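Next comes run.txt, with compact mmCIF, C-alpha atoms and all ligand atoms.
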# COMPACT_ATOMS: atom_id res chain seq x y z
CA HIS D 4 -15.90 -8.51 10.92
CA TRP D 5 -12.28 -7.76 10.69
CA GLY D 6 -10.57 -4.56 11.62
CA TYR D 7 -7.70 -3.20 13.71
CA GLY D 8 -9.09 -3.31 17.30
CA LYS D 9 -8.42 -5.64 20.27
CA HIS D 10 -11.13 -7.99 19.27
CA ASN D 11 -10.97 -8.06 15.48
CA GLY D 12 -7.34 -6.94 14.76
CA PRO D 13 -4.46 -8.75 13.04
CA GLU D 14 -4.06 -11.45 15.72
CA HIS D 15 -7.67 -12.56 14.95
CA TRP D 16 -7.66 -12.53 11.16
CA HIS D 17 -6.44 -16.12 10.79
CA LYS D 18 -9.76 -17.51 12.02
CA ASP D 19 -11.65 -16.18 8.99
CA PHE D 20 -8.64 -16.04 6.65
CA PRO D 21 -6.34 -19.00 7.47
CA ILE D 22 -3.84 -17.86 4.85
CA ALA D 23 -2.90 -15.23 7.50
CA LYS D 24 -0.40 -17.90 8.72
CA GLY D 25 0.70 -18.79 5.14
CA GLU D 26 4.04 -19.07 3.52
CA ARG D 27 4.33 -15.63 1.89
CA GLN D 28 2.48 -13.12 4.09
CA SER D 29 3.11 -9.38 4.22
CA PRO D 30 4.40 -7.06 5.50
CA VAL D 31 7.91 -8.10 6.57
CA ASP D 32 10.85 -6.48 8.14
CA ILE D 33 13.50 -5.61 5.54
CA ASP D 34 16.87 -6.46 7.05
CA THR D 35 19.08 -4.22 4.87
CA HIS D 36 22.21 -6.11 5.70
CA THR D 37 20.73 -9.49 4.60
CA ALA D 38 18.98 -8.24 1.41
CA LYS D 39 21.28 -9.04 -1.43
CA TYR D 40 21.89 -6.76 -4.44
CA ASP D 41 20.58 -8.46 -7.58
CA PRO D 42 22.40 -7.02 -10.68
CA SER D 43 19.90 -8.91 -12.93
CA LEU D 44 17.02 -6.68 -11.69
CA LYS D 45 15.99 -4.05 -14.34
CA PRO D 46 15.28 -0.49 -13.53
CA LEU D 47 11.73 -0.04 -12.51
CA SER D 48 9.49 1.73 -15.11
CA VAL D 49 6.65 3.71 -13.62
CA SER D 50 4.57 5.27 -16.42
CA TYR D 51 1.87 7.41 -14.83
CA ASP D 52 1.57 10.17 -17.46
CA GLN D 53 -1.92 9.04 -18.57
CA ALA D 54 -3.28 7.98 -15.21
CA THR D 55 -6.95 8.70 -14.81
CA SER D 56 -8.21 8.93 -11.29
CA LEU D 57 -11.91 8.64 -10.78
CA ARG D 58 -13.01 8.64 -7.17
CA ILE D 59 -11.90 8.42 -3.51
CA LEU D 60 -13.66 6.02 -1.14
CA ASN D 61 -13.55 5.50 2.67
CA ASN D 62 -13.92 1.67 2.87
CA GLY D 63 -13.95 1.45 6.59
CA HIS D 64 -10.29 0.37 6.73
CA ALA D 65 -8.47 3.02 4.71
CA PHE D 66 -9.28 5.37 1.84
CA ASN D 67 -8.79 4.26 -1.71
CA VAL D 68 -8.03 6.61 -4.65
CA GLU D 69 -9.39 4.58 -7.64
CA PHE D 70 -8.23 4.73 -11.25
CA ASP D 71 -9.90 3.88 -14.59
CA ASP D 72 -8.03 0.71 -15.44
CA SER D 73 -10.15 -0.03 -18.61
CA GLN D 74 -7.27 0.93 -20.92
CA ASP D 75 -3.66 0.76 -20.87
CA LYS D 76 -2.80 4.00 -19.02
CA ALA D 77 -0.81 3.99 -15.81
CA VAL D 78 1.54 0.99 -15.76
CA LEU D 79 4.38 -0.46 -13.82
CA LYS D 80 6.88 -2.74 -15.55
CA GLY D 81 10.55 -3.64 -15.40
CA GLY D 82 12.24 -4.23 -12.10
CA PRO D 83 11.44 -7.76 -10.97
CA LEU D 84 8.30 -7.93 -13.12
CA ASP D 85 7.54 -9.93 -16.23
CA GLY D 86 5.03 -8.08 -18.34
CA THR D 87 2.83 -5.08 -17.59
CA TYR D 88 0.86 -4.22 -14.49
CA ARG D 89 -1.95 -1.66 -14.50
CA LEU D 90 -2.65 0.76 -11.70
CA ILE D 91 -6.03 0.29 -10.12
CA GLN D 92 -5.93 2.10 -6.77
CA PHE D 93 -3.72 3.54 -4.10
CA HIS D 94 -4.19 3.80 -0.39
CA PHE D 95 -2.21 4.33 2.77
CA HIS D 96 -1.61 2.72 6.20
CA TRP D 97 -0.78 5.02 9.08
CA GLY D 98 -0.38 5.43 12.84
CA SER D 99 -1.96 7.31 15.73
CA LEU D 100 1.59 8.72 16.41
CA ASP D 101 4.43 9.68 14.08
CA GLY D 102 6.60 6.86 15.47
CA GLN D 103 4.45 4.10 13.96
CA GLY D 104 2.17 3.45 10.99
CA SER D 105 4.11 1.72 8.27
CA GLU D 106 3.62 -1.98 7.59
CA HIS D 107 7.04 -2.82 6.21
CA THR D 108 9.86 -1.88 8.45
CA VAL D 109 13.55 -1.25 7.57
CA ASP D 110 15.90 -2.76 10.16
CA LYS D 111 12.89 -2.70 12.52
CA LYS D 112 12.34 1.08 11.90
CA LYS D 113 8.65 2.04 11.55
CA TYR D 114 7.77 5.01 9.44
CA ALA D 115 4.76 7.26 10.06
CA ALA D 116 2.76 5.81 7.15
CA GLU D 117 3.12 3.73 3.96
CA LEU D 118 1.59 4.30 0.53
CA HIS D 119 0.56 1.27 -1.50
CA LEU D 120 0.01 1.67 -5.27
CA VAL D 121 -1.79 -1.46 -6.41
CA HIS D 122 -1.41 -2.86 -9.88
CA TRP D 123 -2.67 -6.02 -11.66
CA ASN D 124 -0.91 -8.13 -14.27
CA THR D 125 -2.69 -7.41 -17.55
CA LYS D 127 -2.08 -11.05 -18.81
CA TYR D 128 -5.02 -11.98 -16.48
CA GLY D 129 -7.49 -9.58 -18.02
CA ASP D 130 -8.79 -7.86 -14.85
CA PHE D 131 -8.19 -7.47 -11.17
CA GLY D 132 -10.56 -10.17 -10.11
CA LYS D 133 -8.81 -12.84 -12.13
CA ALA D 134 -5.36 -11.49 -11.21
CA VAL D 135 -5.99 -12.12 -7.44
CA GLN D 136 -6.34 -15.83 -8.23
CA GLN D 137 -2.72 -15.96 -9.43
CA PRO D 138 0.59 -16.00 -7.61
CA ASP D 139 1.98 -13.31 -9.91
CA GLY D 140 -1.29 -11.42 -10.32
CA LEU D 141 -0.38 -8.21 -8.48
CA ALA D 142 2.45 -5.72 -8.00
CA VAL D 143 2.33 -3.24 -5.17
CA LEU D 144 4.67 -0.28 -5.14
CA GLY D 145 5.23 0.63 -1.44
CA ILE D 146 6.51 4.03 -0.41
CA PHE D 147 7.29 5.13 3.15
CA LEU D 148 6.16 8.44 4.65
CA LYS D 149 8.12 10.36 7.25
CA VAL D 150 6.94 13.54 8.90
CA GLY D 151 8.91 16.68 7.99
CA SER D 152 8.31 19.01 5.04
CA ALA D 153 4.89 18.86 3.36
CA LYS D 154 4.36 16.90 0.13
CA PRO D 155 2.62 19.31 -2.18
CA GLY D 156 1.42 16.52 -4.43
CA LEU D 157 -0.46 15.00 -1.46
CA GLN D 158 -2.46 18.07 -0.58
CA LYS D 159 -5.34 17.48 -2.96
CA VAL D 160 -5.94 14.15 -1.25
CA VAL D 161 -5.72 15.65 2.24
CA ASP D 162 -8.17 18.37 1.30
CA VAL D 163 -10.87 15.96 0.13
CA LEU D 164 -10.83 13.76 3.33
CA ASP D 165 -13.32 15.86 5.19
CA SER D 166 -15.89 14.78 2.43
CA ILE D 167 -15.33 11.09 3.11
CA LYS D 168 -15.03 11.00 6.88
CA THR D 169 -16.98 7.83 7.46
CA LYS D 170 -17.23 4.32 6.12
CA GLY D 171 -19.04 4.02 2.80
CA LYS D 172 -18.57 7.66 1.76
CA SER D 173 -17.07 8.41 -1.65
CA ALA D 174 -16.28 11.54 -3.64
CA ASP D 175 -15.40 12.39 -7.17
CA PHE D 176 -11.67 12.55 -7.48
CA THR D 177 -10.64 13.22 -11.01
CA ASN D 178 -7.37 14.44 -12.52
CA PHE D 179 -5.21 13.47 -9.57
CA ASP D 180 -1.63 12.84 -10.65
CA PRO D 181 0.07 10.07 -8.60
CA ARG D 182 3.52 11.10 -9.92
CA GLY D 183 3.38 13.79 -7.23
CA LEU D 184 3.61 11.12 -4.49
CA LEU D 185 6.87 9.53 -5.71
CA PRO D 186 10.35 10.15 -4.21
CA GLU D 187 13.34 11.05 -6.38
CA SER D 188 14.99 7.58 -6.44
CA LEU D 189 13.29 4.38 -7.61
CA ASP D 190 15.93 2.17 -5.74
CA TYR D 191 13.88 -0.62 -4.16
CA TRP D 192 13.74 -3.94 -2.28
CA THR D 193 11.54 -6.73 -3.70
CA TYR D 194 10.04 -9.96 -2.40
CA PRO D 195 6.99 -12.14 -2.93
CA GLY D 196 4.13 -11.54 -0.53
CA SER D 197 0.49 -10.87 -0.01
CA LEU D 198 -2.23 -8.28 0.54
CA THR D 199 -1.73 -6.94 4.08
CA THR D 200 -5.50 -6.82 4.67
CA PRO D 201 -8.02 -9.59 4.50
CA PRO D 202 -8.40 -11.59 2.32
CA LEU D 203 -4.57 -11.67 2.62
CA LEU D 204 -4.16 -13.26 -0.81
CA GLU D 205 -0.66 -14.36 -1.84
CA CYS D 206 -0.55 -12.63 -5.19
CA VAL D 207 1.77 -9.72 -4.72
CA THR D 208 5.27 -8.92 -6.00
CA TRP D 209 6.20 -6.26 -3.52
CA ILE D 210 8.41 -3.44 -4.66
CA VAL D 211 9.31 -1.21 -1.62
CA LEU D 212 11.18 2.04 -2.38
CA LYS D 213 14.21 2.81 -0.18
CA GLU D 214 13.66 6.59 -0.24
CA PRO D 215 10.72 7.85 1.84
CA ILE D 216 8.68 10.85 0.97
CA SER D 217 8.24 13.58 3.53
CA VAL D 218 4.79 14.76 4.49
CA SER D 219 3.93 17.41 7.08
CA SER D 220 2.64 16.87 10.52
CA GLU D 221 -0.59 18.71 9.46
CA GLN D 222 -1.04 16.37 6.42
CA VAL D 223 -0.84 13.18 8.51
CA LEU D 224 -2.99 14.71 11.24
CA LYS D 225 -5.73 15.01 8.65
CA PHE D 226 -5.51 11.28 7.84
CA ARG D 227 -6.08 10.66 11.56
CA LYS D 228 -9.41 12.58 11.57
CA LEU D 229 -10.97 9.96 9.31
CA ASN D 230 -13.29 7.42 10.91
CA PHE D 231 -13.53 3.59 10.72
CA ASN D 232 -17.24 3.80 11.61
CA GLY D 233 -20.14 4.76 9.40
CA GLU D 234 -22.14 8.00 9.71
CA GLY D 235 -24.34 7.86 12.80
CA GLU D 236 -22.13 5.41 14.68
CA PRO D 237 -19.90 6.12 17.63
CA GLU D 238 -16.73 7.77 16.34
CA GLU D 239 -13.67 5.55 16.15
CA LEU D 240 -10.73 7.40 14.62
CA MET D 241 -9.08 5.69 11.58
CA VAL D 242 -5.59 5.30 13.02
CA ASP D 243 -3.21 2.35 13.34
CA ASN D 244 -4.60 0.56 10.30
CA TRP D 245 -1.34 -1.35 9.85
CA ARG D 246 -0.53 -5.05 10.12
CA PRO D 247 2.80 -5.78 11.89
CA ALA D 248 5.65 -7.63 10.27
CA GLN D 249 5.10 -11.29 9.58
CA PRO D 250 7.56 -14.18 9.44
CA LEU D 251 9.84 -14.15 6.38
CA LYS D 252 9.77 -17.97 6.13
CA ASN D 253 11.46 -19.29 3.04
CA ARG D 254 11.91 -15.93 1.29
CA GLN D 255 14.75 -13.74 0.13
CA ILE D 256 14.49 -9.98 -0.19
CA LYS D 257 16.47 -8.60 -3.12
CA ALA D 258 17.86 -5.07 -3.49
CA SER D 259 17.93 -3.24 -6.82
CA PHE D 260 20.93 -1.10 -5.64
CA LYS D 261 24.44 -1.62 -4.26
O1 LIG D 301 -4.14 -2.91 2.05
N1 LIG D 301 -4.48 -3.41 0.86
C1 LIG D 301 -5.85 -3.39 0.45
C2 LIG D 301 -6.20 -3.90 -0.73
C3 LIG D 301 -5.23 -4.43 -1.56
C4 LIG D 301 -5.60 -4.95 -2.80
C5 LIG D 301 -4.61 -5.50 -3.64
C6 LIG D 301 -3.24 -5.51 -3.23
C7 LIG D 301 -2.89 -4.99 -2.04
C8 LIG D 301 -3.90 -4.43 -1.17
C9 LIG D 301 -3.55 -3.91 0.05
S1 LIG D 301 -1.86 -3.91 0.55
ZN ZN D 302 -2.11 -1.74 1.76
Would you mind writing the file out in structure tokens?
Ligand SMILES: On1ccc2ccccc2c1=S
Ligand SMILES: [Zn+2]
Amino acid sequence: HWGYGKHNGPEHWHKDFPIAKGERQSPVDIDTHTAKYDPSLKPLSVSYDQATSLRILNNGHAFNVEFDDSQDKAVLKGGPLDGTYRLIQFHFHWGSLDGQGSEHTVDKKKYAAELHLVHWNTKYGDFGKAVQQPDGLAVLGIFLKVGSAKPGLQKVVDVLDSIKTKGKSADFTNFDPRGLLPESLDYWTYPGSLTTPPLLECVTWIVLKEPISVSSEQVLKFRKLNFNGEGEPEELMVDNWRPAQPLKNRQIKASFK
């Protein structure tokens, strides 16, 4: 099945998921000089005050922090979006080395990791119906660079040892995702896709310009996770990023001059 190795990595995914070579795949390189400022964009509204985390799961590809999305609680609106999108989970992509790991790149620059906060358009009722729609999802993407620690990340780092291997989950209540956000909400936006199979073309991507800093020790702990299940030969969960895909007939808009 799919993964990030030589035999089942991104260059193979198109055989099971032909949309891998579609018209609006993600990630992409953000060419800052070519992204035009769009003064009709609204500021982004991130309202995470009532977010309710439930659990953290090692899915064999990444770890997901999952939210109760049964009520209207943690929503993204404004920016390029029409209507209200509800937070359902976040996860990260990261490298084996600090010089790589992000999926989007900025003028070809790779960051050490990238956080994806996934939200679904509440006009479609739930996540499963939203991923059948071209405007079903909005993913807030945030780059990580290695430097000072991010205090708001530590509770996630500290729980990873309890979900080392594929299929493990742990209670993860009362986690506040506001602690993972940078100061500025300046962003680039474009239409794209999930960056993992099934690679569905549902996503309005909103990529923040300002990275957050995490410490070398924090990202080292992400790299101790495993892609394998318990009892299987250890394969470290590193380099779970898809490289940039062709922009095709898309424009990337900037919210800032
Ligand atoms: O990586 N990843 C995994 C699951 C998912 C689900 C909805 C939207 C985006 C994603 C991504 S980027
Ligand atoms: Zn992702």
All residues within 7 Å of ligand LIG 301 (chain D) are required, counting all atoms listed in the file; please report them as a ChimeraX atom specification.
-> /D:119,121,141,143,198-200,207
Closest of D:225, D:76, D:18, D:213 to residue 257 (chain D), counting all atoms listed in the file, is D:213
Residues of chain D at most 12 Å from ligand ZN 302 (chain D): nearest atom pair and distance in Å, all atoms listed in the file, as a tab-separated table:
residue	atom	partner	partner_atom	distance
D:29	CA	D:ZN302	ZN	9.6
D:30	CA	D:ZN302	ZN	9.2
D:64	CA	D:ZN302	ZN	9.8
D:65	CA	D:ZN302	ZN	8.5
D:66	CA	D:ZN302	ZN	10.1
D:67	CA	D:ZN302	ZN	9.6
D:92	CA	D:ZN302	ZN	10.1
D:93	CA	D:ZN302	ZN	8.1
D:94	CA	D:ZN302	ZN	6.3
D:95	CA	D:ZN302	ZN	6.2
D:96	CA	D:ZN302	ZN	6.3
D:97	CA	D:ZN302	ZN	10.1
D:104	CA	D:ZN302	ZN	11.4
D:105	CA	D:ZN302	ZN	9.6
D:106	CA	D:ZN302	ZN	8.2
D:107	CA	D:ZN302	ZN	10.2
D:116	CA	D:ZN302	ZN	10.5
D:117	CA	D:ZN302	ZN	7.9
D:118	CA	D:ZN302	ZN	7.2
D:119	CA	D:ZN302	ZN	5.2
D:120	CA	D:ZN302	ZN	8.1
D:121	CA	D:ZN302	ZN	8.2
D:122	CA	D:ZN302	ZN	11.7
D:142	CA	D:ZN302	ZN	11.5
D:143	CA	D:ZN302	ZN	8.4
D:144	CA	D:ZN302	ZN	9.8
D:145	CA	D:ZN302	ZN	8.4
D:146	CA	D:ZN302	ZN	10.6
D:147	CA	D:ZN302	ZN	11.7
D:196	CA	D:ZN302	ZN	11.8
D:197	CA	D:ZN302	ZN	9.7
D:198	CA	D:ZN302	ZN	6.7
D:199	CA	D:ZN302	ZN	5.7
D:200	CA	D:ZN302	ZN	6.8
D:201	CA	D:ZN302	ZN	10.2
D:202	CA	D:ZN302	ZN	11.7
D:203	CA	D:ZN302	ZN	10.3
D:204	CA	D:ZN302	ZN	12.0
D:207	CA	D:ZN302	ZN	11.0
D:209	CA	D:ZN302	ZN	10.8
D:211	CA	D:ZN302	ZN	11.9
D:244	CA	D:ZN302	ZN	9.2
D:245	CA	D:ZN302	ZN	8.1
D:246	CA	D:ZN302	ZN	9.1
D:247	CA	D:ZN302	ZN	12.0
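Atom pair CA of residue 112 (chain D) / CA of residue 24 (chain D): separated by 23.1 Å.
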If you count only C-alpha atoms, which residues fall within 6 Å of residue 219 (chain D), apart from same-chain ones fewer than 4 positions away, as JSON, numbers by chain?
-> {"D": [150, 151, 152, 153]}
Rank D:162, D:32, D:139, D:71 by their smallest atom-to-atom distance to residue 222 (chain D), using all atoms listed in the file, and report the top residue only.
->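 Closest candidate: D:162.
For the residues D:28, D:232, D:35, D:158, ranking by smallest atom-to-atom distance to residue 111 (chain D) using only C-alpha atoms places D:35 first.
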To one decimal place, how far is CA of residue 233 (chain D) from CA of residue 205 (chain D) in Å?
->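 CA of residue 205 (chain D) lies 29.5 Å from CA of residue 233 (chain D).
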Rank D:184, D:251, D:240, D:100 by their smallest atom-to-atom distance to residue 215 (chain D), using only C-alpha atoms, and report the top residue only.
->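 Closest candidate: D:184.
Checking D:115, D:59, D:206, D:78 one by one against residue 136 (chain D), counting all atoms listed in the file, you find the shortest gap at D:206.
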Of the candidates D:27, D:168, D:4, D:15, which one gets nearest to residue 138 (chain D) if we count only C-alpha atoms?
->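 Checking each candidate against residue 138 (chain D), we get D:27 as the closest.
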Contacts of region 170-176 of chain D within 6 Å, all atoms listed in the file, excl. fewer than 4 positions in-chain, as a list in words =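 Final neighbour list, sorted by chain and number: residues 57, 58, 59, 60, 61, 62, 63, 231, 232 and 233 of chain D.
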First collect every listed atom of region 80-93 of chain D; then fit an axis-aligned box around them, widen it by 6 Å on each side, and give centre and edge lengths in Å to one decimal, as lines of an AutoDock Vina configuration file.
center_x = 3.1
center_y = -3.2
center_z = -11.2
size_x = 30.3
size_y = 25.5
size_z = 26.2
Could you jot down the CA of residue 91 (chain D) to CA of residue 70 (chain D) separation for me, Å, one decimal place?
-> 5.1 Å
Atom completion result for region 120-141 of chain D (N, CA, C and O atoms) as a PDB file, keeping the file's coordinate frame:
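Heads up, here's the output in part-v9.pdb:
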ATOM      1  N   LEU D 120       0.605   1.544  -3.891  1.00  0.00           N
ATOM      2  CA  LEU D 120       0.010   1.670  -5.270  1.00  0.00           C
ATOM      3  C   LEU D 120      -0.151   0.283  -5.875  1.00  0.00           C
ATOM      4  O   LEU D 120       0.827  -0.441  -6.006  1.00  0.00           O
ATOM      5  N   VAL D 121      -1.424  -0.073  -6.015  1.00  0.00           N
ATOM      6  CA  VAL D 121      -1.790  -1.460  -6.410  1.00  0.00           C
ATOM      7  C   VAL D 121      -1.990  -1.599  -7.897  1.00  0.00           C
ATOM      8  O   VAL D 121      -2.710  -0.801  -8.506  1.00  0.00           O
ATOM      9  N   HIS D 122      -1.331  -2.615  -8.450  1.00  0.00           N
ATOM     10  CA  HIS D 122      -1.410  -2.860  -9.880  1.00  0.00           C
ATOM     11  C   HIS D 122      -1.666  -4.327 -10.135  1.00  0.00           C
ATOM     12  O   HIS D 122      -1.167  -5.185  -9.451  1.00  0.00           O
ATOM     13  N   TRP D 123      -2.372  -4.598 -11.261  1.00  0.00           N
ATOM     14  CA  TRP D 123      -2.670  -6.020 -11.660  1.00  0.00           C
ATOM     15  C   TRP D 123      -2.072  -6.379 -12.985  1.00  0.00           C
ATOM     16  O   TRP D 123      -1.959  -5.539 -13.905  1.00  0.00           O
ATOM     17  N   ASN D 124      -1.613  -7.625 -13.053  1.00  0.00           N
ATOM     18  CA  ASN D 124      -0.910  -8.130 -14.270  1.00  0.00           C
ATOM     19  C   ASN D 124      -1.904  -8.250 -15.424  1.00  0.00           C
ATOM     20  O   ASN D 124      -2.906  -8.993 -15.362  1.00  0.00           O
ATOM     21  N   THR D 125      -1.656  -7.518 -16.513  1.00  0.00           N
ATOM     22  CA  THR D 125      -2.690  -7.410 -17.550  1.00  0.00           C
ATOM     23  C   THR D 125      -2.794  -8.729 -18.257  1.00  0.00           C
ATOM     24  O   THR D 125      -3.792  -8.967 -18.979  1.00  0.00           O
ATOM     25  N   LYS D 127      -1.883  -9.705 -18.174  1.00  0.00           N
ATOM     26  CA  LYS D 127      -2.080 -11.050 -18.810  1.00  0.00           C
ATOM     27  C   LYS D 127      -3.305 -11.715 -18.236  1.00  0.00           C
ATOM     28  O   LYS D 127      -3.856 -12.632 -18.879  1.00  0.00           O
ATOM     29  N   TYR D 128      -3.838 -11.327 -17.078  1.00  0.00           N
ATOM     30  CA  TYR D 128      -5.020 -11.980 -16.480  1.00  0.00           C
ATOM     31  C   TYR D 128      -6.291 -11.177 -16.712  1.00  0.00           C
ATOM     32  O   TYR D 128      -7.366 -11.616 -16.201  1.00  0.00           O
ATOM     33  N   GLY D 129      -6.204 -10.087 -17.464  1.00  0.00           N
ATOM     34  CA  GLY D 129      -7.490  -9.580 -18.020  1.00  0.00           C
ATOM     35  C   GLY D 129      -8.213  -8.582 -17.102  1.00  0.00           C
ATOM     36  O   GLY D 129      -8.660  -7.526 -17.567  1.00  0.00           O
ATOM     37  N   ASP D 130      -8.339  -8.910 -15.812  1.00  0.00           N
ATOM     38  CA  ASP D 130      -8.790  -7.860 -14.850  1.00  0.00           C
ATOM     39  C   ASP D 130      -8.325  -8.225 -13.473  1.00  0.00           C
ATOM     40  O   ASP D 130      -7.679  -9.257 -13.272  1.00  0.00           O
ATOM     41  N   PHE D 131      -8.645  -7.337 -12.525  1.00  0.00           N
ATOM     42  CA  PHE D 131      -8.190  -7.470 -11.170  1.00  0.00           C
ATOM     43  C   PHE D 131      -8.706  -8.702 -10.521  1.00  0.00           C
ATOM     44  O   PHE D 131      -7.967  -9.397  -9.809  1.00  0.00           O
ATOM     45  N   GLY D 132     -10.024  -9.020 -10.753  1.00  0.00           N
ATOM     46  CA  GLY D 132     -10.560 -10.170 -10.110  1.00  0.00           C
ATOM     47  C   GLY D 132      -9.922 -11.509 -10.487  1.00  0.00           C
ATOM     48  O   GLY D 132      -9.809 -12.374  -9.666  1.00  0.00           O
ATOM     49  N   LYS D 133      -9.494 -11.624 -11.732  1.00  0.00           N
ATOM     50  CA  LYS D 133      -8.810 -12.840 -12.130  1.00  0.00           C
ATOM     51  C   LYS D 133      -7.338 -12.833 -11.696  1.00  0.00           C
ATOM     52  O   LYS D 133      -6.764 -13.846 -11.342  1.00  0.00           O
ATOM     53  N   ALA D 134      -6.769 -11.631 -11.707  1.00  0.00           N
ATOM     54  CA  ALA D 134      -5.360 -11.490 -11.210  1.00  0.00           C
ATOM     55  C   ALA D 134      -5.185 -11.939  -9.774  1.00  0.00           C
ATOM     56  O   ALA D 134      -4.155 -12.532  -9.485  1.00  0.00           O
ATOM     57  N   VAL D 135      -6.155 -11.671  -8.879  1.00  0.00           N
ATOM     58  CA  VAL D 135      -5.990 -12.120  -7.440  1.00  0.00           C
ATOM     59  C   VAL D 135      -6.208 -13.608  -7.235  1.00  0.00           C
ATOM     60  O   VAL D 135      -5.987 -14.114  -6.147  1.00  0.00           O
ATOM     61  N   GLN D 136      -6.349 -14.345  -8.290  1.00  0.00           N
ATOM     62  CA  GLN D 136      -6.340 -15.830  -8.230  1.00  0.00           C
ATOM     63  C   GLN D 136      -5.020 -16.381  -8.691  1.00  0.00           C
ATOM     64  O   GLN D 136      -4.916 -17.618  -8.929  1.00  0.00           O
ATOM     65  N   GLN D 137      -3.974 -15.477  -8.768  1.00  0.00           N
ATOM     66  CA  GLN D 137      -2.720 -15.960  -9.430  1.00  0.00           C
ATOM     67  C   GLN D 137      -1.586 -15.557  -8.548  1.00  0.00           C
ATOM     68  O   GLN D 137      -1.591 -14.439  -7.937  1.00  0.00           O
ATOM     69  N   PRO D 138      -0.533 -16.342  -8.508  1.00  0.00           N
ATOM     70  CA  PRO D 138       0.590 -16.000  -7.610  1.00  0.00           C
ATOM     71  C   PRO D 138       1.449 -14.830  -8.089  1.00  0.00           C
ATOM     72  O   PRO D 138       2.183 -14.259  -7.261  1.00  0.00           O
ATOM     73  N   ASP D 139       1.294 -14.503  -9.367  1.00  0.00           N
ATOM     74  CA  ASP D 139       1.980 -13.310  -9.910  1.00  0.00           C
ATOM     75  C   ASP D 139       0.955 -12.318 -10.441  1.00  0.00           C
ATOM     76  O   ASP D 139       1.187 -11.628 -11.449  1.00  0.00           O
ATOM     77  N   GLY D 140      -0.216 -12.266  -9.808  1.00  0.00           N
ATOM     78  CA  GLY D 140      -1.290 -11.420 -10.320  1.00  0.00           C
ATOM     79  C   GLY D 140      -1.117  -9.931 -10.025  1.00  0.00           C
ATOM     80  O   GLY D 140      -1.710  -9.140 -10.722  1.00  0.00           O
ATOM     81  N   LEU D 141      -0.417  -9.604  -8.907  1.00  0.00           N
ATOM     82  CA  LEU D 141      -0.380  -8.210  -8.480  1.00  0.00           C
ATOM     83  C   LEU D 141       1.076  -7.732  -8.299  1.00  0.00           C
ATOM     84  O   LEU D 141       1.944  -8.482  -7.973  1.00  0.00           O
TER      85      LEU D 141
END
